[PDB]
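1. Structure for the following, please:
(chains A and B, ligands or ions: 2)
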Number of protein chains: 2
Amino acid sequence: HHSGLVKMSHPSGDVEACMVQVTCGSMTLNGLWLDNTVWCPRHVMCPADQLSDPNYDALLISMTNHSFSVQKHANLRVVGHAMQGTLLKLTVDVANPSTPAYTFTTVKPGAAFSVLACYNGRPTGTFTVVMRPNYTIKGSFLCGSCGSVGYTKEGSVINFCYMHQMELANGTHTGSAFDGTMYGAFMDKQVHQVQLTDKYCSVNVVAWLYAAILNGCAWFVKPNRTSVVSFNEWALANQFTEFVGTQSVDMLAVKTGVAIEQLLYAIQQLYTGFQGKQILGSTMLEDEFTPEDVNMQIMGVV
Amino acid sequence: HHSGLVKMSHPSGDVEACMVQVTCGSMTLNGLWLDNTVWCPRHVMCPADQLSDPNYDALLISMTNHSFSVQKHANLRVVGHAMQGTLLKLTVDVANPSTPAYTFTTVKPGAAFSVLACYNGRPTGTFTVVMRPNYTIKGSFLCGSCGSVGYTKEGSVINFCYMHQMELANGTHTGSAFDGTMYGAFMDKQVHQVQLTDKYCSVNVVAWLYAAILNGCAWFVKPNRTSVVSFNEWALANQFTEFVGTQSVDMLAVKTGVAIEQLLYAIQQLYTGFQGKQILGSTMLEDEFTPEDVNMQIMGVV
Ligand SMILES: *[C@@H](O)[C@H](C[C@@H]1CCNC1=O)NC(=O)[C@H](CC(C)C)NC(=O)OCC(C)(C)Sc1cccc(F)c1
Ligand SMILES: *[C@@H](O)[C@H](C[C@@H]1CCNC1=O)NC(=O)[C@H](CC(C)C)NC(=O)OCC(C)(C)Sc1cccc(F)c1
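-> Numbering: from 1, shown residues only, chains lettered A, B, ... in the order given. Ligands and ions are numbered 1, 2, ... in the order given. Shown next is the structure:
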């Protein structure tokens, strides 16, 4: 029996109209064109021989307005340039006529956002990822994908929350919010960097367990319960994130009739082992589906 | 270590411009607007009391040109109507100015296509699915999602291959190609229908095993080999599809240096059990990634 839950991404049509190609010499990457501002990663100014330890402040001074080439596949003239954190704020004389209503937001661990993978300013694919506790994402990025944007949608408004910058040794990816800060303690330098541990997202495992109950799979549900405070103490010693309930989780509890503390106890015993049984066709706990995903995809509640 | 493989969907911007709302009385659903033709499922004409066993031929005669209301969120006047198989071919006086270069194709088991989920003619989300051997898909569809389209992209040309029609008891979904034929032996009637067995896609499991080798995971690779003919005989008695090699699979074999017959032997032993080990973080064989997905996402080869 299929759960009805898939990795669902937002429609990308609004964001594809904001994708441009930015070249600052020998390096090309993607940029976000909103109004008269083009955002792009700041290592576009970096020559290939200084990626390991670049001085962006000196490089920015070395740049002029005619040093950035912006193209849409239309060529955009740069009338101003500035750097905020690990991002470049290039000003252009033409405002994007297809600029959507948008905000800039920071995404937190356990939350899901949609990614538009682009190369040479041309959208290539879309996928959804969950920001992991170590502030990395398990995405699909290759050379030239920097500048690809991550976004969430609340109505007609697109909340941009991620710009791809680098890939780690473990194969995961990290980037920067549109305030210039890289997620976690990461730096936009081509060096090996210490990566924090990854943890199971408790609020997403609880949602995934609720989805099984909404699909008739409730063998793991027992009348025993574990409080949030006790579970969070247990989570700290078992590579699980501390659980914080939300209204979305409460809706799932109300509809199913199963308490959160019942599932918290279940996660503790399911962590020790599924014992040859399966939940939604899996033998491991899944934290890649948010409570809002289960609310939306299965019950049509947004 | 993350494999670098995610469920990747095509950009949906081109298809979102072709999505319309079709209402033929008390039922509303989605339609595909290409040139002066609007395609939509034919049970839009069905009153709610006859969904179990509808006479579409009589219903079509009962309809007029003014019986179909087509709206884009612009209202489209219907200047002609026809029925092909399980699909309606409505002619409108206005051609879609954003019609992309497109073809109509039939997707085969094991192949992957992108789906644009729509409700009331408004795109809501996108996801990618693999057509299963029983000619069903493990999608995320709800009431009103009929008319959502499935498509593949070869360059700038969009090959439409799926229109959502119904959901089965197992939670999977099936639809019709744009020639009017429902995939498999399914009928667009609100009754329980016999569903064929589902099988592991051998060509996709081979691709998934190759992706592990491309990520350093090759503990399952042994010098022993199993021929395609012998594997296909084994596949017939173990719920596996018969393997047919492709050029894409050959590229993966050439790059890795591991023969297909080596992995066919591995699948036979991995089917008996992973024996406590994991491949790409999984204890079961995965057939939801095509050889082209591994070729594109990991090696950038399209
Ligand atoms: C976009 O310009 C590009 C995107 C990556 C290419 C491979 N996969 C990607 O997503 N980003 C870069 O080339 C980065 C340039 C830096 C920010 C100046 N670097 C990058 O993605 O990774 C560099 C490292 C982190 C791989 S350097 C490294 C070396 C040895 C061991 C190790 F763990 C890290
Ligand atoms: C679009 O109109 C809508 C989409 C589905 C609603 C629920 N999930 C969907 O994807 N499709 C329908 O309502 C179909 C109308 C038919 C084609 C006239 N029916 C449908 O999706 O399923 C009807 C069945 C197959 C559930 S009837 C049934 C009853 C008992 C047991 C059983 F296995 C099947």
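
2. dump the residue contacts of the residue in the stretch 1-150 of chain A positioned nearest to ligand 1.
-> Ligand 1 sits closest to residue A:146 of the stretch 1-150 of chain A, with a gap of 2.8 Å, by C-beta to the nearest ligand atom. Where C-beta positions appear, they are placed from N, C-alpha and C, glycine not excepted. Listed by C-beta atoms under 8 Å, 6 or more residues apart in numbering or on different chains, the contact set of residue A:146 reads A:29, A:30, A:41, A:43, A:163, A:164, A:165, A:166.

3. Now with 10 Å, please.
-> Contact analysis of residue A:146 by C-beta atoms under 10 Å, 6 or more residues apart in numbering or on different chains lists A:22, A:27-31, A:40-41, A:43-44, A:118-119, A:163-167, A:175, A:188.

4. ok, how many other residues are close to whatever residue of the stretch 101-250 of chain A ends up closest to ligand 2?
-> Ligand 2 sits closest to residue A:215 of the stretch 101-250 of chain A, with a gap of 13.4 Å, by C-beta to the nearest ligand atom. Residue A:215 is flanked by 17 other residues according to other C-beta atoms under 10 Å in any protein chain shown.

5. Not counting its neighbours along the chain, what's nearest the residue of the stretch 1-150 of chain A closest to ligand 1?
-> Spatially, and ignoring its direct neighbours in sequence, residue A:146 is nearest to residue A:29 (4.5 Å; C-beta to C-beta, 6 or more residues apart in numbering or on different chains).

6. Quick check: beta-bridge partners of that neighbour?
-> Residue A:29 has these beta-bridge partners by DSSP bridges: residue A:22.

7. dump the residue contacts of the residue of the stretch 101-250 of chain A closest to ligand 2.
-> So residue A:215 contacts A:1, A:2, A:3, A:4, A:5, A:279, A:280, A:298, B:171 (C-beta under 10 Å, 6+ apart).

8. ditto for residue A:294
-> Counting by C-beta under 10 Å, 6+ apart, the residues that residue A:294 touches are A:3-5, A:204, A:206-212, A:214, A:248-249, A:251-252, A:255, A:301.

9. What distance do you get for whatever residue of the stretch 201-302 of chain A ends up closest to chain B to residue A:9?
-> At 4.6 Å from chain B, residue A:297 is the closest residue in the stretch 201-302 of chain A, using C-beta to the nearest C-beta. Here residue A:297 is placed at a distance of 12 Å from residue A:9 (C-beta to C-beta, to the nearest Å).

10. what residues are shared contacts of those two?
-> Common neighbours of residue A:297 and residue A:9 (C-beta under 10 Å, 6+ apart) are B:125, B:127.

11. Please say which of those two ends up with more neighbours.
-> Counted by other C-beta under 10 Å, residue A:297 and residue A:9 do not tie: residue A:9 has more neighbours, with 27 against 23.

12. Ramachandran angles for the more buried one?
-> Per-residue torsions, residue A:9: phi -110, psi 150 (degrees, to the nearest 10).

13. Would you check that it makes contact with residue A:293?
-> No. Judged on C-beta atoms under 10 Å, residue A:9 makes no contact with residue A:293 at a distance of 11.2 Å.

14. Between these two, which contacts overlap?
-> Counting by C-beta under 10 Å, 6+ apart, the residues touching both residue A:9 and residue A:293 are A:112, A:128.

15. Now do stretch A:219-227: distance to the chain's middle.
-> 32 Å (C-alpha atoms, centre = their mean, to the nearest Å).

16. export that stretch as CSV, just CAs?
-> Extracted C-alpha coordinates of stretch A:219-227, given in CSV (Å, rounded to 0.1, in the frame of the first residue of the first chain):
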residue,chain,number,x,y,z
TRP,A,219,1.3,-1.7,14.5
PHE,A,220,3.9,0.5,16.2
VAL,A,221,1.3,2.4,18.2
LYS,A,222,1.1,1.2,21.8
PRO,A,223,-0.7,2.8,24.7
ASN,A,224,2.6,3.5,26.4
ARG,A,225,3.7,7.2,26.2
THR,A,226,6.9,9.2,26.6
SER,A,227,6.8,12.8,27.5
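
17. Let's verify the closest residue to ligand 2 within the stretch 151-300 of chain A: helix, strand, or coil?
-> Residue of the stretch 151-300 of chain A nearest ligand 2, by C-beta to the nearest ligand atom: residue A:300 (10.0 Å). What DSSP: H, G, I helix; E, B strand; the rest coil gives for residue A:300 is coil.

18. tally of neighbours for the closest residue to residue A:285 other than its chain neighbours?
-> Spatial nearest neighbour of residue A:285, chain neighbours left out: residue A:205 (4.8 Å); criterion: C-beta to C-beta, 6+ apart. Neighbour count for residue A:205, taken as other C-beta under 10 Å: 26.

19. can you tell me which residues contact residue A:205?
-> Residues near residue A:205 by C-beta under 10 Å, 6+ apart: A:110, A:240-241, A:243, A:263-264, A:266-267, A:270-271, A:284-289.

20. looking at this, it is in a helix?
-> Yes. Secondary structure of residue A:205 (three-state DSSP): part of a helix.

21. And it, how close does it get to residue B:34?
-> Distance of residue A:205 to residue B:34, computed by C-beta to C-beta: 43 Å.

22. who's in contact with residue A:76?
-> A:20-22, A:31, A:33, A:36, A:38, A:68-70, A:90, A:92-94, A:96.

23. Neighbour-wise, give me the winner out of the residues you listed.
-> residue A:31 (32 neighbours).

24. So it: helix, strand or coil?
-> Going by three-state DSSP: residue A:31 is strand.

25. Partner strands of the biggest strand by length in chain A, with direction?
-> In chain A, taking DSSP state E as the definition, the longest strand is strand A:157-167. If you go by DSSP bridges, strand A:157-167 pairs up with strand A:102-104 (parallel), strand A:149-154 (antiparallel), strand A:173-176 (antiparallel).

26. Residue A:88: neighbouring residues, count only.
-> Count around residue A:88 with other C-beta under 10 Å applied: 25.

27. Also the one 3 residues further on?
-> For residue A:91, the number of neighbouring residues by other C-beta under 10 Å comes to 16.

28. Return the residues in contact with it.
-> Contacts of residue A:91 (C-beta under 10 Å, 6+ apart): A:35, A:36, A:37, A:38, A:65, A:68, A:77, A:78, A:79, A:80, A:81, A:82.

29. Among those residues, which are located in strands?
-> A:37, A:38, A:78, A:79, A:80, A:81, A:82.

30. Dump those residues to TSV, plus distance to ligand 1.
-> TSV is the format used below for the ones in strands among the contacts of residue A:91 (distance: C-beta to the nearest ligand atom, whole Å):
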residue	distance to ligand 1
A:37	20
A:38	16
A:78	20
A:79	25
A:80	23
A:81	19
A:82	19
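
31. What subset of those residues is buried?
-> A:37, A:38, A:78, A:81 (16 or more other C-beta atoms under 10 Å in any protein chain shown).

32. Convert the C-alpha atoms of stretch A:3-13 to PDB, please.
-> Listed next in PDB are the C-alpha coordinates belonging to stretch A:3-13 (Å, rounded to 0.1, in the frame of the first residue of the first chain):
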ATOM      1  CA  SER A   3       1.500   6.100   1.500                       C
ATOM      2  CA  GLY A   4       0.500   8.800  -1.000                       C
ATOM      3  CA  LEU A   5       3.600  10.800   0.100                       C
ATOM      4  CA  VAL A   6       6.200  11.900  -2.500                       C
ATOM      5  CA  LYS A   7       9.000  14.400  -2.600                       C
ATOM      6  CA  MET A   8       6.900  17.300  -3.800                       C
ATOM      7  CA  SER A   9       8.400  20.600  -5.000                       C
ATOM      8  CA  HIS A  10       6.700  23.900  -5.700                       C
ATOM      9  CA  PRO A  11       6.000  24.900  -9.300                       C
ATOM     10  CA  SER A  12       9.200  26.600 -10.500                       C
ATOM     11  CA  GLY A  13       7.800  28.800 -13.200                       C
END
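
33. I'm done for today, thanks for sticking with me.
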